[PDB]
Undergrad: 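Questions regarding the structure given below will be posed in turn.
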Protein chains: 2
Amino acid sequence: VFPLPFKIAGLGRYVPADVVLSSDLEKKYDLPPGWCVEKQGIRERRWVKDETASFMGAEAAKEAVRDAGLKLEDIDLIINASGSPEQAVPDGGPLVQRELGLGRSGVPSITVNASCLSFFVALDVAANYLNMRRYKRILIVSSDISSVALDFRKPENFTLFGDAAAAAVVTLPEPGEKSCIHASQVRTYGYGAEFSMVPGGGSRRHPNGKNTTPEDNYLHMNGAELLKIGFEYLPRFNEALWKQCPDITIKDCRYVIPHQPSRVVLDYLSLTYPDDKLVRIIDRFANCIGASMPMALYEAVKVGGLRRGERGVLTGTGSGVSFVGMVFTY
Amino acid sequence: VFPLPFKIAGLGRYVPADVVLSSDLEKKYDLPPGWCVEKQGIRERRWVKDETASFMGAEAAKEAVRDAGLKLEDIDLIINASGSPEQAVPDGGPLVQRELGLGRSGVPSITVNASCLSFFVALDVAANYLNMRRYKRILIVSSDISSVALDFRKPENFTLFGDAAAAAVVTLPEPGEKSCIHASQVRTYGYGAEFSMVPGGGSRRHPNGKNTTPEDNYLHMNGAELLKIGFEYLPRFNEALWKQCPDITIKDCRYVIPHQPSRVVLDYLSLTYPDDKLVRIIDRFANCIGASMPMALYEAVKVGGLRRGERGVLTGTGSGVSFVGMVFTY
Ligand code: NA
Ligand code: NA
């Protein structure tokens, strides 16, 4: 089954233009100077002005299409892979298709939803479409506006979240090119659903029904219990991932590219690997939910200079709870 | 590329136990006797008591797993493919995994979202995973509770919607078995997004923001404009679908199995094909959104007696606007 031919042909990003410095948030909301950097690992973030999520996604997508040496008309499948919805109906796929000027194109546009790990799962889905020769040039878009959830009474909230979009065009590699996936794995532990969830926003606690509570529209998080899921199941997850590519180990990989919704994953990695192995975006873009991993992938290539033939590792933990990992040659 | 080996190994359904007769709705809400059957094509529907969407999905899934001759522990991927969310976070995949008692299993559980055509797109995604030998035994679950959207001031609304879940287990066929996909196609016309949409429920019109209006949480529908998308693009859609399987035509197919959110698609088909070719569920289960197509697939096999080696056609139009079609040997 592995290795799977797979080429990240183009990458794109959109972030809002206005930088919100942690130092200015601290001055405005009476936090100690340096609090955000120490507690959150966040020095800056970007918040939207009037952008919609589809607008940001389309901007990132256009950059990725240019980067791939393609025109918009060459894309034959669009996958929206964001951490949060723009609206209830339709899904984000058709909305970004419309925003791209492709609304009359017929190009299928769908959503893959694995919460904040949607981008990862979309890559995996796309890899299978490509190798089955179903589609040739697949656009994956992850765009999130988390600044809508900002509560300026709560420092743990309002200093954490940022807005961003990133996108990839994926294709099969050309003859001679080594681009491939060596290993890919997704596991889900739904017993952890209650430790990171928003119980409102759907049928179970519909606003017009009898099951509503005041706390329905807020993220319920139990960090201690989430970590326990990691303690119990991550070692075997990692073991099983690397068994897929026994010829390749972490020493053969230039960059670790994590979903990074908080500094914890980065701190874990920093105790393990040299700093130059780790791709960091939370410092300048904060927690951008579903866009975090693809933002880090963009960073690895467009700032970190990841070269064709070098290898990377995508990794993440997300609400669900799910774990993902992928070892690839760029 | 086609034909693609593909076996619908098991099918399952859950519907609420209490039948709501159109005749009783008409008596209670002062509608003419026979109004629902004439205007909607709906004689009965089922509405939940205390069920959650995950509960119904899990019930349908268990039936499908039994039908496939499997145990729950044999499933290696779960795809939630519903028309509406149970809650905001996490997605429905982990929630149905938990409901099935598989919360500690590690089995990846994700969501594919193409609005009311999610089940179709999940089948397509699953077919590619199966043929790439990534997973062997894939559960697809579509569960929707639309009765939460009921407005008893509006006959066009409250007589239309029903609750239901259906599920499929899909695998590769055994040696000698003819089960396959002859043709599959998805097209999206995002210019039609505004003609069937709910603008609230996400970041664009977040309740705490400045873009809210009173009508945000209601389905905006422009039926005339939706039909125009059909007039312009359906003929070429159908042409392109059947060109994938030039050896197979509609005469070679026993059943047409449509997504059926209203009587219109059924009326179109009834003018074209003998009644015994069409699989109808709206009459007894009403508009069950994302569950409509898989409910009809269940009906085709478990009531219509579709035999292995006979052929069917899945067809649908959904919010987006998207069109789907698949020609398969059962
Ligand atoms: Na850009
Ligand atoms: Na059942």
Side-chain angles (χ1 to χ4, degrees), chain A residues 2-3 6 8 11 13 36-44 116-117 119-120 123-124 160 162 164 166 168 179-187 223 226-250 252-318 321-330:
Chain A
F2 296 103
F6 187 74
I8 299 160
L11 288 164
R13 181 178 70 185
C36 297
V37 165
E38 179 168 307
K39 298 299 193 176
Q40 305 279 34
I42 299 169
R43 179 172 28 86
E44 316 181 331
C116 50
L117 303 177
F119 177 78
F120 182 99
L123 281 175
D124 198 75
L160 181 63
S179 312
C180 67
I181 295 167
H182 300 279
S184 187
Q185 197 170 269
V186 182
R187 290 191 177 171
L226 292 171
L227 280 167
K228 287 162 63 162
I229 303 183
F231 302 154
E232 187 164 359
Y233 294 109
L234 272 172
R236 70 192 85 177
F237 179 92
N238 292 329
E239 180 182 40
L241 177 68
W242 290 96
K243 278 189 188 163
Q244 299 181 19
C245 53
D247 308 338
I248 308 290
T249 69
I250 191 60
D252 299 303
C253 300
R254 183 174 182 190
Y255 287 133
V256 179
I257 304 167
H259 173 62
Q260 46 194 273
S262 73
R263 65 170 303 143
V264 181
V265 63
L266 291 168
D267 292 347
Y268 174 88
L269 292 168
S270 291
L271 293 166
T272 314
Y273 302 108
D275 189 69
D276 65 5
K277 190 145 180 153
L278 308 178
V279 181
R280 184 179 303 259
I281 57 89
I282 199 178
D283 60 316
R284 280 153 296 129
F285 303 106
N287 178 3
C288 49
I289 317 195
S292 185
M293 182 183 283
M295 283 282 288
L297 180 56
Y298 186 94
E299 192 85 357
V301 174
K302 298 293 173 179
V303 182
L306 182 64
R307 294 174 276 272
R308 295 293 180 187
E310 294 182 331
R311 305 183 194 84
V313 185
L314 303 178
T315 186
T317 302
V321 168
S322 293
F323 301 127
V324 300
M326 180 184 291
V327 182
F328 68 99
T329 293
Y330 183 56

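Just the heavy atoms: all of them, side chains too, but no hydrogens, waters or symmetry mates, feed the values below. Letters A, B, ... are given to chains in the order of the sequence lines, protein chains preceding strands, and every chain is numbered from 1.
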Undergrad: Could you tell me whether A/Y268 atom OH has more than 12 heavy atoms of other residues or ligands within 6.0 Å of it?
TA: no
Undergrad: Give the minimum heavy-atom separation between A/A164 and A/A291, together with the two atoms involved.
TA: O-CB, 3.5 Å
Undergrad: List the steps, then state whether side-chain contact (heavy atoms from CB on, under 4.5 Å) holds for A/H182 with A/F2.
TA: CA-CA 6 Å; A/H182 300 279; A/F2 296 103; 6.0 Å; no
Undergrad: Kindly indicate whether the side chain of A/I281, heavy atoms from C-beta on, has any atom under 4.5 Å from the side chain of A/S292.
TA: yes
Undergrad: Looking only at heavy atoms, what is the nearest atom pair of A/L117 and A/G318, with distance?
TA: CD1-N, 3.5 Å
Undergrad: Please check if the number of heavy atoms outside A/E232 that lie under 6.0 Å from its CD is greater than 12.
TA: yes
Undergrad: Do A/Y255 and A/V313 come within less than 4.5 Å of each other through their side chains, counting heavy atoms only?
TA: no
Undergrad: State the CG-CZ distance between A/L314 and A/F328, to the nearest 0.5 angstrom.
TA: 5.0 Å
Undergrad: Check A/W242 against A/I248 and note the closest heavy-atom contact, atom names and distance.
TA: CE3-O, 3.4 Å
Undergrad: Report yes or no: does A/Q260 contribute a side-chain atom to a donor-acceptor pair with the main-chain N or O of A/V279 at less than 3.5 Å?
TA: yes
Undergrad: Does any non-hydrogen side-chain atom of A/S262 lie less than 4.5 Å from one of A/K39?
TA: no
Undergrad: Side chains of A/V321 and A/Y233: closer than 4.5 Å at any heavy-atom pair?
TA: no
Undergrad: With side-chain contact (heavy atoms from CB on, under 4.5 Å) as the criterion, how do A/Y273 and A/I250 come out once you've worked through the C-alpha distance, each side chain's angles and the decisive distance to 0.1 Å?
TA: CA-CA 10 Å; A/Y273 302 108; A/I250 191 60; 3.6 Å; yes
Undergrad: Is the side chain of A/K277 donor-acceptor paired with the backbone N or O of A/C253 at a distance under 3.5 Å, no angle test?
TA: yes
Undergrad: Using only atom types and a distance under 3.5 Å, with no angle test, would you say the side chain of A/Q185 pairs donor to acceptor with the backbone of A/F237?
TA: yes
Undergrad: So, are A/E299 and A/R13 salt-bridged, with charged N and O less than 4.0 Å apart?
TA: yes
Undergrad: Should the pair A/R187 and A/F323 be classed as cation-pi, given the thresholds of under 6.0 Å to the six-membered ring centre and 45° from the axis?
TA: no
Undergrad: Starting at CG of A/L123, measure out to CD1 of A/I8 and round the result to the nearest 0.5 Å.
TA: 6.5 Å
Undergrad: For a quick test of reading the model, state the closest non-hydrogen atom pair linking A/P235 to A/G230 and the distance between them.
TA: CD-O, 3.6 Å
Undergrad: Do you know which two heavy atoms are closest between A/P294 and A/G290, and how far apart they sit?
TA: CD-O, 3.5 Å
Undergrad: Do A/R236 and A/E239 meet the salt-bridge criterion of a basic N to acidic O distance under 4.0 Å?
TA: no
Undergrad: Roughly how far, to the nearest 0.5 Å, is CG of A/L266 from CG of A/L278?
TA: 7.0 Å
Undergrad: Quick check: do A/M326 and A/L241 have side-chain heavy atoms less than 4.5 Å from each other?
TA: no
Undergrad: Please round to the nearest 0.5 Å and tell me the distance separating atom CG of A/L306 and atom CG of A/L297.
TA: 8.0 Å
Undergrad: Do the non-hydrogen side-chain atoms of A/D124 and A/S184 ever get within less than 4.5 Å of each other?
TA: yes
Undergrad: Nearest 0.5 Å please: distance from the SG atom of A/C116 over to the CG atom of A/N287.
TA: 8.0 Å
Undergrad: Using a 4.5 Å cut-off on heavy atoms from C-beta on, say whether the side chain of A/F119 contacts that of A/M293.
TA: yes
Undergrad: Is it true that the side chains of A/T317 and A/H259 contain a donor and an acceptor less than 3.5 Å apart?
TA: no
Undergrad: Kindly give the heavy-atom pair with the smallest separation between A/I282 and A/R263, and that separation in Å.
TA: CD1-N, 3.9 Å
Undergrad: With a 4.5 Å limit on heavy-atom distance, are the side chains of A/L160 and A/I42 in contact?
TA: yes
Undergrad: Taking atom OG1 of A/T272 and atom CG of A/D267, what is their separation to the nearest 0.5 Å?
TA: 10.5 Å
Undergrad: Does a salt bridge link A/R254 with A/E310, judged by any charged N lying under 4.0 Å from a carboxylate O?
TA: yes
Undergrad: Yes or no on side-chain contact (heavy atoms from CB on, under 4.5 Å) for A/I181 and A/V327, after CA distance, side-chain angles and deciding distance?
TA: CA-CA 6 Å; A/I181 295 167; A/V327 182; over 6 Å; no
